[PDB]
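Enquirer: Chains as they are written, first to last, in PDB author numbering: chain T, 2 to 89; chain C, 10 to 75; chain K, 10 to 165; chain N, 2 to 130; chain G, 3 to 227; chain F, 2 to 71; chain H, 3 to 176, 264 to 348. Virtual Cβ for every residue (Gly too), placed ideally from N, Cα, C.
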Amino acid sequence: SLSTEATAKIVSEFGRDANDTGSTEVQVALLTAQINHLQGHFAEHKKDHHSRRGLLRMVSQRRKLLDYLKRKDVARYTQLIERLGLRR
Amino acid sequence: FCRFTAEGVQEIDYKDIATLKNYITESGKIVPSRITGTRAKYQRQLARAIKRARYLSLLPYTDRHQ
Amino acid sequence: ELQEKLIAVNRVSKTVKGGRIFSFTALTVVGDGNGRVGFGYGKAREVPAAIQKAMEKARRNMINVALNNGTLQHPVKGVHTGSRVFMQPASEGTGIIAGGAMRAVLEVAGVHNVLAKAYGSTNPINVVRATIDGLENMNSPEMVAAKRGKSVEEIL
Amino acid sequence: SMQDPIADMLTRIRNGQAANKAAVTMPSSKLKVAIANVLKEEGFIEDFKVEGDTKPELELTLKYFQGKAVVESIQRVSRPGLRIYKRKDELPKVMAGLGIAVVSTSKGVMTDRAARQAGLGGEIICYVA
Amino acid sequence: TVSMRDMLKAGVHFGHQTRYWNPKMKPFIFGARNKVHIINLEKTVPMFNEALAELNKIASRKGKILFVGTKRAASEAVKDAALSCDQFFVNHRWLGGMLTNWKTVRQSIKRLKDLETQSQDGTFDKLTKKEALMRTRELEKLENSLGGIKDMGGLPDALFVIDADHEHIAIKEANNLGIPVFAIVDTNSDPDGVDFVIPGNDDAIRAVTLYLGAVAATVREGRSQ
Amino acid sequence: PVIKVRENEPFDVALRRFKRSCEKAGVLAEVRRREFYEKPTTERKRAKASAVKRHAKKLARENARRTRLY
Amino acid sequence: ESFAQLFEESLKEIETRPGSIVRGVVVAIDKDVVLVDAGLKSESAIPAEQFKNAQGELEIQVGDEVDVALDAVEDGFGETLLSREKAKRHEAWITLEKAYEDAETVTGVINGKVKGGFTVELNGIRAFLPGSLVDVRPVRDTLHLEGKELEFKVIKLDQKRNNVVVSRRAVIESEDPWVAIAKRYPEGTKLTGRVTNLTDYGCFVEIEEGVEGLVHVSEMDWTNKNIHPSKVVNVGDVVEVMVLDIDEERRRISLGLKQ
RNA sequence: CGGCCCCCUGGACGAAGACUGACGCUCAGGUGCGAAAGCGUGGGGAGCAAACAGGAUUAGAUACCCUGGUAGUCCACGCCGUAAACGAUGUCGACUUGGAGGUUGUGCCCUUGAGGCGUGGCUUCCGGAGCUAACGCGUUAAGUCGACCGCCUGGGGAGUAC
């Protein structure tokens, strides 16, 4: 999993209040970081299918979040995707 | 009638050999949780400890072996 | 005063060491031409005896049915085992439009005017039972009023 | 997921009737409340009571006459999967007039008879008998 | 008529263990002390009174009461109760279809009566020893089974019961015919067949006796009326 | 099941003790079990079946017991 | 009203769970069944053998009051565990009384050691004590007139498992079971143990502070196979038993009774 | 999926709070994972063992039994894409009497003791109403309802041919 400190850092940056944590953008960021982390793992361990399932799920969740953001508020979404470097 | 619930131990210790020895057979085998009446959660831990001990030659795997 | 109709009589067998022992089942239904109906299912080695038994059974454990004039009070479904039955109240003159066992029960009950289809199974015994159930459940306007805490004119 | 609240409410009511429960509670909604009111008017329930500010709970008080339940039958007709709208001439008669059909019309939710009287049809919510 | 204090003393308020309960007795239960169910005496008493009243009323119109209790602890007591108010009873095993199948059981009763007559009024004696013994045995059997109900004639107009779960057959029979039922119903029992349920301890002897006695009194009163 | 004959102990007694020890060990039983390969499925089946049997013995029979035989 | 609620908490206040409050009045006697009513849901089926004192005949008629015991409710129909154990608590209280003045005095008469301590019997009950407790010194009551009268001066008690060895003559002088399971071990230490349940292969006598013994069917008597242990000994009775075997590992102490 | 240890790693549950504010449910096509056997290339090969051989048994014995025994089972990386892949029971949500357990949290309580009173998650058995052709299911529904999808339309021919 993502280390506590790292998570906190992520929250602080993206979250407006820094105590917020549940902001859509923040959540997305958290997901994204985790995904990035797991890439390294999965390069090594290609047959770790069970673990990869979780990763996939996370990705899906992130996508959903992004979609939600888009309909609600476009500018914010755009900003987020610039920050994280998500192609979509 | 579990011992570890009453003592209130956080984790069973493989080093605590004497304690282990009560839960092991004359033939070396780990004694069932029916007989000892150990709680399930603790029982597993105990087993693990015993195994560890066996690896460290603190407890024997069996009576015959040498 | 009571009218009684033997719906069906069926020969049923029991296999024994020797061979087959045969017997007869009689399904009857009785009614007073008003609300009261009762079916009876009797069994014996000979037919007439069986029929008699059935009749006897019928005569006890009768059941009352609220009848608005010659017909039913509203469309009513009744089910029992395979036989599921629909019966619908109908205008004076139309007669009992219903099939088989179902018809007989209606006739004794003193419904004169119905539109009634038996869906599913048409196994006489089951279908008569279903019909009876339907009749039984069927509530009157007065009854409904009583239930709801209203007058009959409030319900219409 | 929860897709049909009215339907759920109806189901709850039915279950209460079955199980000889005195009162049946659920999360409140305006439509639901209206329905409850209608039922009360038509005399299928004793009383309804909404309670709460943030997340209010509608509590119906079920009725029992001579042991058995009052609400003999209660079905949704319109449902999210397949909506039913009737014109004032096409409005039904539940149990040949002895039961009622809750119908939502432009002039609020009402019984079928009421709607007919008014001279307007609408979305048929539920039959109650 | 019967007070609450007296009932308490008797041990009416005690019920069965919580695992053996019926959830249809949840209204009549108060609480659970030491993992044993306590019957609510506030709800019991009025019901009991009502039942008593009903019984009295029945008596007044010359009603035939039947007292059923085949527990074997309170077999002695129920018989006594029956006899005090000269009513009928079934203190030993209820014959399956005693009431529903009366017409067959009426023959049995007749036979028993005949046997009794032979024993007593005849004064003939001079009988083969084995045969005589057999006859005696038969008589004993009959007496045990149908002693209380031999003078009942027809069917009873009400049915008092000491345990509903134990005498369910009797209760069922009474429902099929439509005879009013007055059952003492502990927490384990089912009250649905019973017309005039009495929430109370079927098992305890003193309680049972108490239940009997009041009923007997009421019957007597009715008779007097 | 290692055993040593005590001083002034009878032979028969010793033998009995040994037997008891063996029984406790469940050595013979173990040997019997490992004589032939049991498919996993079969093993599972036996275990569950046995459990079921045990359950039946415990509860149903207890229920029966409540009612007298004669 | 709340009359009943208050009456309920009142009746809670005026009873307790063990056999403590002497409350059941003996309301029917018939051999071989006594029966009381201590304010419980049902009446006890009491044996007659929890109530005859020291020579075999009954002592209590109608109206008499002994407490029984509790904490076990409904086996189908009925209420209690026996009042005789009740008595054990009273015995414990008298034994405890010693502590106050460092000397409990009654009569103790101990002829011999089943398992290394003379047996002492107080009133109806007889208890077994470790070998030292019988005599203050090396006096030995084997030379004393048989079943002699002294008292008991306590030597040793085991505090969990109930074994008490007491001091005859010499008036002037004044986890848990299984680690150290070597006390009653060595080959044949006789014990006094109450049997619990006889499982048609066994008898299950088990007394010594949370253990389990069997005395299964083979010994029990001097007939092997046709015996059926329910016929031959008892239910709930303190008997002659000794160990014959301990496994401290697969907790099976395999006692015997043919000795 | 089962010895023990370490490294990397996914999910579940509980405890309180704090936050986000319908972001949800289902899903034709699509994508992935998918026992055993089987295939490819390269390793490995103790035991077991299709095939095969011999010895029995038998009327025969291309079987069962016995003695041997090679693919295979084992590892790496690919493919295969099926099984009584079963709870023969799609997924998600709501509601409706009870009892006896197991397991894993957690709150209070003199833990005066292995306990006492609750409250959550997953789970085994029995059984009520109801349901069911019956068998049975029964708060983990096969009950009472809603949302979406998948699938069935007499047996064979055939899950075969093209």
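#1: What are the complete alpha helix (DSSP H) segments, minimum 4 residues, inside the region 76-146 of chain G?
#2: If we define contact as Cβ-Cβ less than 8 Å, is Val71 of chain N a contact residue for chain K?
#3: Taking buried to mean at least 16 other C-beta atoms within 10 Å of its own C-beta, is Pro140 of chain H buried or exposed?
#4: Between the beta-carbon of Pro266 of chain H and the beta-carbon of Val300 of chain H, is there less than 8 Å?
#5: List the endpoints of the continuous beta strand (DSSP E) containing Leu16 of chain F.
#6: Check each residue of the region 68-85 of chain K: if its Cβ is closer than 8 Å to any Cβ of chain N, include it; give the result in chain order.
#7: Answer with yes or no whether the minimum CB distance from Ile44 of chain C to chain H is below 8 Å.
#8: Can you confirm whether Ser44 of chain H, when its beta carbon is compared against all beta carbons of chain G, has any partner nearer than 8 Å?
#9: Considering only C-alpha positions, which residue in the set H:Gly26, H:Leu98 and H:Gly80 is nearest to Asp66 of chain H?
#10: Going along chain F, which residues have a C-beta under 9 Å from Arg339 of chain H?
#11: Out of N:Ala19, N:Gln118 and N:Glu43, which has the shortest C-alpha to C-alpha gap to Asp90 of chain N?
#12: Quick one: using the 10 Å Cβ neighbour count with 16 as the cut-off for buried, is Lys131 of chain G buried or exposed?
#13: Starting from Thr34 of chain C, follow its DSSP beta bridges and name the residues at the other end.
#14: Please report whether the beta-carbon of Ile21 of chain C lies at a distance below 8 Å from any beta-carbon of chain H.
#15: Look at the alpha carbon of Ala206 of chain G and the alpha carbon of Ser191 of chain G, and state the distance between them as a whole number of angstroms.
#16: Between the region 57-71 of chain N and chain K, which residues of the former have CB atoms less than 7 Å from a CB of the latter, in chain order?
#17: What is the DSSP secondary structure of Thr62 of chain N, reduced to helix, strand or coil?
#18: Starting from the C-beta of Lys87 of chain N, find all residues in its chain whose C-beta is less than 6 Å away, skip the five residues before and the five after it, and write them out in chain order.
#19: Name the chain K residues that come within less than 7 Å of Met96 of chain N, Cβ to Cβ?
#20: What are the boundary residues of the alpha helix (DSSP H) that residue 5 of chain K is part of?
#21: Taking residue 3 of chain K as part of the beta strand (DSSP E), name the residues at either end of that continuous run.
#22: Please name the residue or residues paired with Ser105 of chain N in a DSSP beta bridge.
#23: Could you check which residue in G:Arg208, G:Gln227, G:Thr189 and G:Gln122 has the C-alpha nearest to that of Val80 of chain G?
#24: Alpha carbon to alpha carbon, what distance is there between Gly27 of chain F and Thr312 of chain H?
#25: State the start and end residues of the unbroken beta strand (DSSP E) segment that holds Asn19 of chain K.
#26: When you compare the region 302-312 of chain H with the region 142-151 of chain H, are there three or more beta-carbon pairs, one atom per stretch, that lie closer than 8 Å?
#27: Spatial neighbours of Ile134 of chain K within its chain, please: CB distance less than 7 Å, with the 5 preceding and 5 following residues excluded, ordered by chain position.
#28: With a cut-off of 8 Å, does the C-beta of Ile26 of chain C fall near any C-beta of chain H?
#29: Give me the Cα-Cα distance between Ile171 of chain G and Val153 of chain K, rounded to the nearest whole angstrom.
#30: Could you please give me the residues that DSSP links to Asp32 of chain H through a beta bridge?
#31: Quick one: is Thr119 of chain G buried, meaning 16 or more other Cβ sit within 10 Å of its Cβ, or exposed?
#32: Check for me: the beta strand (DSSP E) holding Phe130 of chain H runs from which residue to which?
#33: By Cβ distance below 6 Å, which residues in the same chain neighbour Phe16 of chain G in space, the five residues on each side in sequence not counted?
#34: Is it true that the CB of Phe45 of chain N sits closer than 8 Å to the CB of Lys64 of chain N?
#35: Give the C-beta separation of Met100 of chain G and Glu175 of chain G to the nearest angstrom, bearing in mind that I take them to be a contact with Cβ-Cβ under 8 Å.
#36: What residues of chain H sit near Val38 of chain G, judged by a beta carbon separation below 9 Å?
Expert: Quick answer:
#1: For secondary structure counted as the alpha helix (DSSP H) over 4 or more consecutive residues, the region 76-146 of chain G holds these complete runs in sequence order: 77-86 and 104-122.
#2: Yes, its Cβ sits closer than 8 Å to a Cβ of chain K.
#3: With fewer than 16 other Cβ atoms inside 10 Å of its own Cβ, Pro140 of chain H counts as exposed.
#4: Yes, the Cβ-Cβ distance between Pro266 of chain H and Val300 of chain H is below 8 Å.
#5: Unbroken run through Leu16 of chain F is the alpha helix (DSSP H), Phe12 to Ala26; no beta strand (DSSP E).
#6: Cβ contacts with chain N: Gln82, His83 and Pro84.
#7: True, the Cβ-Cβ gap to chain H drops below 8 Å.
#8: So yes, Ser44 of chain H belongs to the interface.
#9: Of the candidates H:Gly26, H:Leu98 and H:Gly80, H:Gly26 places its Cα closest to the Cα of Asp66 of chain H.
#10: Chain F residues near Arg339 of chain H: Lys25.
#11: Nearest C-alpha to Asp90 of chain N: N:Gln118.
#12: If you draw a 10 Å sphere on the C-beta of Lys131 of chain G, you find fewer than 16 other C-beta atoms in it, and that means exposed.
#13: Answer is none; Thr34 of chain C lacks a bridge partner.
#14: It does not: the Cβ of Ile21 of chain C has no partner Cβ on chain H nearer than 8 Å.
#15: For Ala206 of chain G and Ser191 of chain G, the distance between alpha carbons rounds to 15 Å.
#16: Under the 7 Å Cβ criterion, the region 57-71 of chain N contributes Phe66 and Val71.
#17: The answer is strand: DSSP assigns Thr62 of chain N an E or B state.
#18: Within the same chain, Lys87 of chain N has close Cβ partners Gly122 and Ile125.
#19: Neighbours of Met96 of chain N across chain K, judged by C-beta separation under 7 Å: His83.
#20: The requested residue 5 of chain K does not occur in the structure, where chain K is confined to residues 10 to 165.
#21: For chain K, the structure presents residues 10 to 165; residue 3 of chain K sits outside this window and is missing.
#22: Paired residue(s): N:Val110 and N:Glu124.
#23: The residue with the shortest Cα to Cα distance from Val80 of chain G is G:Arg208.
#24: Distance between the alpha carbons of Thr312 of chain H and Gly27 of chain F: 28 Å.
#25: Going by DSSP, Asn19 of chain K is part of the beta strand (DSSP E) stretching over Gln12 to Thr24.
#26: Proximity of the region 302-312 of chain H to the region 142-151 of chain H falls short of the contact definition, fewer than three beta-carbon pairs being nearer than 8 Å.
#27: Taking C-beta separations shorter than 7 Å and ignoring five residues to either side along the sequence, the partners of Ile134 of chain K in its chain run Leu36 and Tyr50, following chain order.
#28: Closer than 8 Å: no.
#29: So the two alpha carbons sit approximately 35 Å from each other.
#30: As a beta-bridge residue in DSSP terms, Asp32 of chain H pairs with H:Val35.
#31: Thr119 of chain G comes out exposed.
#32: Start and end: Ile127 to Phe130.
#33: Take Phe16 of chain G, set aside five residues on each side of it, and the residues of its chain with a beta-carbon closer than 6 Å to its own are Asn203, in chain order.
#34: Yes. Within cutoff.
#35: Going by Cβ atoms, the distance from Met100 of chain G to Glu175 of chain G rounds to 7 Å, so yes, they are a contact pair.
#36: Neighbours of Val38 of chain G on chain H, chain order: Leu42, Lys43, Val75, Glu76 and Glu81.
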